Structures are given as C-alpha cells and as structure tokens.
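Alright, here's a single protein chain in two forms, structure 1 and structure 2, each given by itself as structure tokens.
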Structure 1
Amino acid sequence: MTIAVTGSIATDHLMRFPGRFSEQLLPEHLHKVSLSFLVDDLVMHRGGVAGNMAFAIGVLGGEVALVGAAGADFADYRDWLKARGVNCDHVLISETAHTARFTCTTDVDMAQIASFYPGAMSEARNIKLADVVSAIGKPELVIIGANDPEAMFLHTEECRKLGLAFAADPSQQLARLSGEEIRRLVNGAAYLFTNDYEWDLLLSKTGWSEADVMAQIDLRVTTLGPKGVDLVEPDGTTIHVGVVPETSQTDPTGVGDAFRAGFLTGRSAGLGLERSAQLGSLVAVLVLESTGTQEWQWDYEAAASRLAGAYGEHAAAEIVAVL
C-alpha cells in the first residue's frame, strides 16, 4: 500500500509590509537600489508539492515515503512529517545547499517582492528509486510531482526500468516543455493528473488525440476547480464528482496537491474511483479553508459529517470505514 511521492520540497517565508513599496520605489535610484522594508509579520509554511502530498497521505493514515532533495536545514520539517507517519529515509540531504525556499514580502496594496532559492532541488536528479525498492520493496505507486525538470524525466524512466506504476503530474511544466518532452512524461502512466486548461494544452503540444493518450495511460484525472473533477477510463466511461461545498475561500494554495493526495490515499485504501474522488474533494476543501498547505487538521467525525452532507450517508460510511 506504499505511495512514493517524488517532487519538490520547500518552505515559504512570507512577510507583511504595512506601507506601500511604491513610496520607497518611486523616488529610488533604480540603477542601484538600497531598499529596506520594516515588516510587521513573518509566517513560515512547509511546502513543495511532494511535501504537501506526503503530508496529506500521512495524516489520512496511508503508507507513504517522501522521495526528494533537501538541505541539512530539513531536520525540523523531517520531524514534522515523521510525526504524521511519513517515511523520510529516502530524502536526499545535500552536503552543500539548503532546502529550497520561497521568500515573499507583500505590501498594503498587494504589491510583491519575492525571491526563489532552488537550493538542493536540482540534486533530485541524483536520486535512485532502485534504493527505495531495495529498502521497502516496490511502491504501489510513484507520484511524479513537479520537480527539477530533469529529475521528473529520470524518475519516470526509472519507474519504467523497475516496473513501477507511476502517476504523471505534468502540470507546472507543460507550458515549458516540448511536445516530445511531454510525451515522455505521459507514456505508460497509471494516472494522469492535470486541470482542464492543461489537458487541452497537453493535447495540442503533443500532437496527440484523446484516443492516443488513453492508449498510453490507465486513467485521466482532470480537475475543474469549483466544477469538481472528471475521471476518464480507457473504455470511455467517465465519472464526474462535484466539490465539497466550502465555508471559506481563504487560501487556494496547495488545493490541487491535497486533492491528489486524498484521491490516491483512497485508491491505496481499496476505494473505487468515485469514492476516492469524494475523499480527494474533502481533503481539497480542508486545504482551501486553511492558510498555507499543511496547516489543516484531520477531524474524523467532522470529515464523516461533511462527506455525508456532500455525498450522502452511504458514501460517507464507506469512505470513513477505510480509516
């Protein structure tokens, strides 16, 4: 039942500036700035797509190994994940680079100044999935989450070499890759995850028809925001599941990651496609209603009640029975 999650591991360091960046920028010597912002607030969120997905799977009680690259400063993040049941044995720790970091300061008019530090992320290309297979045996599924582009290809190729079922998450990189590069991420996939816009892009760029893709993959999962999700089998059967109604639209960061994690946890727990997408939808709404990506809580009774409200008591009982 073990899901190996590959992809980025990062933290986000977010600061609030009470004033207006413009008031410092407008008079500036733009050819050699010396800007100093006195900030009000500092919030740190654990993130990266692989971290977010591993977190959610762990919290739901699934079997999960996080497989990605970080720095020695990953230690607290490791502790946080291990407490939620996440196997971190196969996180590569860089000798030289820190864990990837996104730092952003936002002003009162929502202007933003950000830095992205990739750090240890490009070292994911040095991970061997054969090492995971030696230690814990063949994972039930390997998620190919957004990552260092080369690492995404190497992990996908290795899944083929080792006979591991993999999930193609081509999203973030579709706009940046050639059609031929995209094809190589998709061929032989157990699952393909994209949103609706990305799905149309994937087809256009690859020169593939839908029929072409469905002969390459076992299930297309296409998310539709508030319109729910489509699950399409190679036989032409389609299942559409609507969302769990939100009470807050607070923070849409990490909502796609959480859907995937909940859906795949469902699958590993033996749930069918519809029940799995219903669970995915619940995890997604809980992330939507939380600031950050791993700041949400799992309340068994509340989950049961919310699933019942969205999908009926029968669906809810069947879903909760697998935790």
Structure 2
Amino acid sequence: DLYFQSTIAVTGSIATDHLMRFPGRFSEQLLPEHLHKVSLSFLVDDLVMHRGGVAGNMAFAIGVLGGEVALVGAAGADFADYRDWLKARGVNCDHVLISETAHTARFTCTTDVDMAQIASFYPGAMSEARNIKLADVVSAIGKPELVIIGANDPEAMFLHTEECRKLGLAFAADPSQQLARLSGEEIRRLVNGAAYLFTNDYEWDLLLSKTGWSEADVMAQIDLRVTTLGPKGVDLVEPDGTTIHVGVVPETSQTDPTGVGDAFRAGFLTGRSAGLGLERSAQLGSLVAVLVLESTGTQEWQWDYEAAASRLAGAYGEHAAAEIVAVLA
C-alpha cells in the first residue's frame, strides 16, 4: 500500500453502559447440574450510567495518554455529547457514523463481589458499523500504524478485518466481548495475520473451544498473543513460544472491572507505538488497567504523570518507571 502514512484507528462499539452491583457471588448461585439451562435473577444494589463501548473506551485512553487516535464506529443521533467528551481528550471523531434512525447501543452489566460480570448488549446503531468503509478513513487521514478490531457489529468485525487485509494495514484482533455471539467460523476468519491478538484467559479458552484450534494453530497465524490473566497479570507470547509475563499493579480498591481490558490494551499499544519493548508496554498497560479498576465506569480515571511514575516504581522498580514516563507527555 503506497498511500501516505499517519495514528491508531480504533474500531468497535460506542455505547451507553448501565453498570449495576450484585452484593453476592454469581458462582455461589451457579449450580453445575442446572448449567444446561440457567434461571438466574440478581437483585442489584446500585445502577449507574457511564460512557462506554470498547472503541469509545480504547480511543479515550489513547487520547488521555497523548496518542493520536481516530474512533471508527456507529452511534445514534444522541452522539453529539459523547463526541464532545471524547474530543476533549484529543479523540478524532470525524469517522463516527451517526445513524439517522437508530439509538446508541446499550450495555447492561451486573458485577458481583468477586468482580465476575454478566451482561447484555443491545446493538441499536452499532449494527450500522457494517456500512463504514475503512478505505474512506484511510483516504482522509492516511494509513494508521495500527487498526484495532474491537467487539462491534459481528459483520463489521469481519468486513473491517478484510479491509485491513486488502489495504495492508496492521491490525489487532480484539474480539473479546463478542466471542459469546460469534460462531467458530466467525472467530476463525478474524485471526489470520494479526499483529496482536488480545483476550483474557477465559476468552482465550472460549476462542480455542469454539474455533476447534489448538494454541499452535493460532500462534502460526499471529505476530503476538496478549492474554491478560486477572490478578496474575498478563502473558505476551510470540510466534511459537517466547513468553514475557508482567504481574498486575497492586490495586487499592476493586471498584468496577468494566473496561479494565480496554485500558490495558490502550496503554500497551501506546507503549508499543512509542518504541517501548513488550515488557515495558505491558507495565504501562497494567497501570492504566488498575486506574480503571479503581474507578466506576470505563472513562472516569485520570492522568497525572507524577502519581504514574510513583506507582510504576513501586510495582516494577524505578528503571521501568523512568523508561515509561520518559517516552510520553
């Protein structure tokens, strides 16, 4: 592709999140005989609304961190206010498709005492993301260094990936939130040639369960597997074997785990974009991740290059801290 260069393009959902808390344990209610057919209803304690969508969340964090970033997804007419919120953190919202008729997607999530999460996602306007052409985005802003293919309209996820394939754009397969809806055929066609494959360990097992793939089958198709491991940090795997592991940044609170994955990805890719190695990028990712864990909502954390250095030092040593803080603003 001989077109001019220029950014991270974040594709994926744009939504309003309704986050609720169940003051009990989901596992305790999940009987393994009855898992053939669940019958679950959780009386919640709390209900609160925040800006969301995987693409919204990732684009926001890249912007906070000072990265150049374009948000590419479909929203309802209601988007104008959310746009202003994103633009305030430097997010390019020019290529957001605004539906003439449909409402911005709605996420309804319940979190339990162990940070387990059970949620529904109503697409609304998201379904129109299949009508967005990345070719038009590239035309206007140049080739991005990376396109993130986040959870989105299932058809859009594939069309965007195919467009990256034919445009010769590097892409990160980040199907996370959609693995439950996507068939094994649908997951398989998103993976080949990915610079990065992002998931957590559950989703990793779900992917391999539904694809019929072994880990070896996947590593042959991708440049890097990134698998977050909850409290055990993150694994960075290479073509066949080499594995870098970074442990979490210890949390002061487990408030709300929504968007923790999105935040890690944004920090990590920002790190990678700034010439940081895999280990250092994952350490920065882990910090943004914990900042999200300690706040309610996905985009309600702050940046403060002083507190960042301090925390990174405390978890990873002062070499890590100094290396990360430097390659930034």
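Residue 1 is the first residue of structure 1, and the numbers go on in sequence order from there. Definition used throughout: the rigid core is the maximal C-alpha set that superposes within 1.5 Å between two forms.
Of the residues checked (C104, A165, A83, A75), the rigid-core alignment between the two structures shows a Cα shift of at least 2 Å for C104 alone.
After superposition on the rigid core, displacement of the C-alpha of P252 between the two structures stays below 2 Å. In this overlay on the rigid core, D200 has a C-alpha that sits 2 Å or more away from its partner position between the two structures.
Core-superposed comparison between the two structures: the C-alpha position of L14 differs by no less than 2 Å. The two forms, fitted on their core, place the C-alpha of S115 7.6 Å apart, compared between the two structures. Structural comparison between the two structures after rigid-core fitting shows the C-alpha of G145 displaced 0.3 Å. The shift recorded for the CA atom of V43 between the two structures is 3.7 Å, with superposition on the rigid core.
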